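Okay, structure first, notes after.
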There are 4 protein chains.
Amino acid sequence: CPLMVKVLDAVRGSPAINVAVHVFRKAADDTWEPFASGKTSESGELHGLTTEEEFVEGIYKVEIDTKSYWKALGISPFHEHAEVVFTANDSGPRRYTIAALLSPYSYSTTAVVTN
Amino acid sequence: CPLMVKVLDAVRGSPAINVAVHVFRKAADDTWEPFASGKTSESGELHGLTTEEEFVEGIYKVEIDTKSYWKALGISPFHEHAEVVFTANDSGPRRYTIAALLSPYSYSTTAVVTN
Amino acid sequence: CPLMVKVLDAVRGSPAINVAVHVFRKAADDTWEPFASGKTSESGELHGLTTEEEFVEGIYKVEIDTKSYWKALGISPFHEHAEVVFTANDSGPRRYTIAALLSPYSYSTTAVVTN
Amino acid sequence: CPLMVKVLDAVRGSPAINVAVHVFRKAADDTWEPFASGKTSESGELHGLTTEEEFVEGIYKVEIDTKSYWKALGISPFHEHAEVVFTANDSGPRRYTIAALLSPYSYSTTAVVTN
Ligand SMILES: O=C(O)c1ccccc1Nc1cc(Cl)c(OCCCCCCCCCCCOc2c(Cl)cc(Nc3ccccc3C(=O)O)cc2Cl)c(Cl)c1
């Protein structure tokens with residue numbers, strides 16, 4: 001699995017469960033063609049987004065639907081979504097975890113890149 | 001001043017100086033229209049992007065060009081940029097400060113919204 | 001002003017107001033001695049803790065009383081407080097800003113150090 | 001395993017490997033008696049710190065030796081260590097993960113608490 005997503009909730013100290021995640025890749029014509037998506041699991045994780053064959057170098061965007069998550073808990077949020085835009089770079093063996101930590105008015109994201 | 005941006009560098013413990021910042025506003029046809037842009041000052045701040053008149057309700061995207069910054073420091077970062085997308089002014093006019101904290105493989109963003 | 005503290009609330013998107021802050025300095029016998037204390041203002045800032053004279057080289061601990069803050073908001077947070085421990089002034093006198101970003105189950109802290 | 005620690009490196013986008021972690025518990029006489037410790041693994045994790053029998057309600061401190069980590073990479077850091085102080089609360093089934101994300105001049109910590 002070359003690309004995983006992991007989301008945490010800073011208010012509840014828990015995985016952020018049932019969070020919608022969309023991944024896009026920059027296309028020839030500079031358009032963000034949908035690439036993959038899913039909903040975080042009970043552990044706050046989303047695996048199986050893509051395969052190594054499909055996950056070529058390129059610019060990618062991972063959009064995390066944070067606004068719907070906070071609405072489902074009844075907490076007024078600032079952002080429409082959290083967005084993580086990065087270039088995948090095919091330098092030998094590499095797996096990518098995009099982690100996000102959510103609060104109503106803040107978020108952090110980190111990339112954990114391993115061989 | 002209703003929209004300010006503040007950038008910090010988590011590696012040097014300093015303001016993130018001369019960082020490019022572009023603001024877009026979502027238009028009628030779900031296209032992102034250029035709204036305002038500038039560069040952070042020596043204090044890592046960017047003021048005077050807009051006016052209370054011009055800064056109507058809408059969905060805004062504040063794109064902070066973090067890759068060019070880290071590059072200029074001789075570091076190949078993970079992200080292309082930090083992007084913060086939010087509805088503004090939807091319960092009336094407010095003053096928004098968008099803060100970002102930058103590392104090569106991570107960033108954090110918070111909004112401070114006042115009367 | 002060589003030591004300032006800035007607190008933000010990631011849940012309300014506001015400064016974290018009236019937050020208690022205690023500073024200690026490590027003494028000769030590896031005991032923490034009371035150095036200075038105060039509460040954040042309406043802007044979430046705490047200035048005038050010390051003077052350039054009094055603020056000598058040493059190991060300092062800035063304890064931010066985050067539990068009492070979240071309690072006063074009706075939230076039972078994870079942490080007892082945020083604690084930031086650092087050597088100060090060890091390459092000469094500097095100006096230190098300790099920023100913290102608070103959620104119930106998470107916090108972030110950064111130092112901005114200038115001439 | 002009732003208490004785990006996980007540390008990430010924001011500069012390198014990697015687990016923070018071989019990082020010293022000490023856990024202390026507040027003692028009768030308000031002293032921080034060493035409770036457990038170890039070094040993060042290749043995955044940035046530390047498990048097996050304590051057992052459910054031993055991990056009673058109480059105030060705990062998890063000290064992460066961030067300064068030695070940054071020194072081993074040759075990057076000047078601000079903090080002496082990252083410290084996470086919290087009360088363990090014995091409310092039914094609960095496991096605690098203390099996650100920390102490190103940069104030279106900043107860190108974030110989060111508690112992920114599951115049943
Ligand atoms: O990944 C697993 O496996 C994992 C598994 C399990 C758990 C976790 C796991 N992973 C995981 C763990 C964690 Cl902890 C994570 O957490 C990362 C969190 C990083 C957050 C840091 C944000 C700090 C922002 C402070 C900015 C302050 O700026 C300001 C300043 Cl300095 C001054 C002023 N005032 C002024 C003064 C003067 C003039 C104008 C202003 C003016 O107003 O601008 C205003 C501002 Cl706003 C993540 Cl992402 C992933």
Side-chain angles (χ1 to χ4, degrees), chain C residues 3-8 10-11 22-26 30-32 57-71 75-92 94-114, chain D residues 3-8 10-11 22-26 29-32 57-71 75-91 94-114:
Chain C
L3 184 59
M4 303 153 271
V5 178
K6 175 142 198 157
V7 191
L8 306 175
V11 166
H22 301 251
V23 185
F24 300 87
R25 186 185 178 266
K26 183 178 270 199
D30 176 22
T31 283
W32 290 106
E57 284 180 287
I59 300 179
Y60 290 78
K61 166 159 66 173
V62 169
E63 175 193 296
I64 299 168
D65 294 335
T66 61
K67 180 184 191 183
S68 290
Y69 180 72
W70 289 120
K71 295 228 302 194
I75 286 156
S76 303
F78 184 74
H79 309 92
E80 293 300 297
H81 22 75
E83 266 158 49
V84 186
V85 177
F86 62 99
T87 302
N89 299 308
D90 50 318
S91 62
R94 304 278 184 279
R95 150 154 66 253
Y96 294 79
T97 298
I98 306 295
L101 180 65
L102 311 189
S103 307
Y105 274 73
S106 188
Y107 67 84
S108 175
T109 188
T110 319
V112 179
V113 188
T114 68
Chain D
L3 177 64
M4 295 152 49
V5 174
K6 185 165 183 97
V7 190
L8 301 171
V11 175
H22 296 256
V23 189
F24 302 93
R25 192 212 281 110
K26 216 159 167 152
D29 64 314
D30 293 301
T31 284
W32 285 106
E57 290 174 319
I59 295 168
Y60 294 79
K61 175 159 101 187
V62 176
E63 170 178 293
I64 302 173
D65 296 340
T66 56
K67 186 187 196 174
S68 299
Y69 181 77
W70 296 121
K71 285 163 74 162
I75 295 161
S76 173
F78 176 74
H79 305 93
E80 296 289 297
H81 26 236
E83 253 151 73
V84 180
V85 180
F86 66 90
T87 296
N89 183 15
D90 251 13
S91 316
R94 294 195 174 180
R95 314 310 171 193
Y96 302 66
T97 302
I98 301 305
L101 177 64
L102 308 190
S103 295
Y105 278 64
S106 187
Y107 66 79
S108 79
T109 188
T110 311
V112 183
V113 189
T114 56

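A note on names: the letters A, B, ... follow the listed sequences, proteins ahead of strands, and every chain is numbered from 1.
- Of the two parts of D/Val112, neither the backbone nor the side chain holds a non-hydrogen atom closer than 4.5 Å to a non-hydrogen atom of chain C.
- The stretch residues 101-110 of chain C places C/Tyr105, C/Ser106, C/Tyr107, C/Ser108, C/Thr109, C/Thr110 near chain D, each with some heavy atom under 4.5 Å from a heavy atom of that chain.
- Distance check, rounded to the nearest 0.5 Å: CD of C/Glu83 to NE2 of D/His81 gives 9.0 Å.
- Residues C/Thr87 and D/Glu80 have side chains in contact (heavy-atom distance under 4.5 Å, counting atoms from C-beta outward).
- Residues satisfying the side-chain contact (heavy atoms from CB on, under 4.5 Å) test with C/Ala88, not counting sequence neighbours, are C/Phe55, C/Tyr60, C/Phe86, C/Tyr96.
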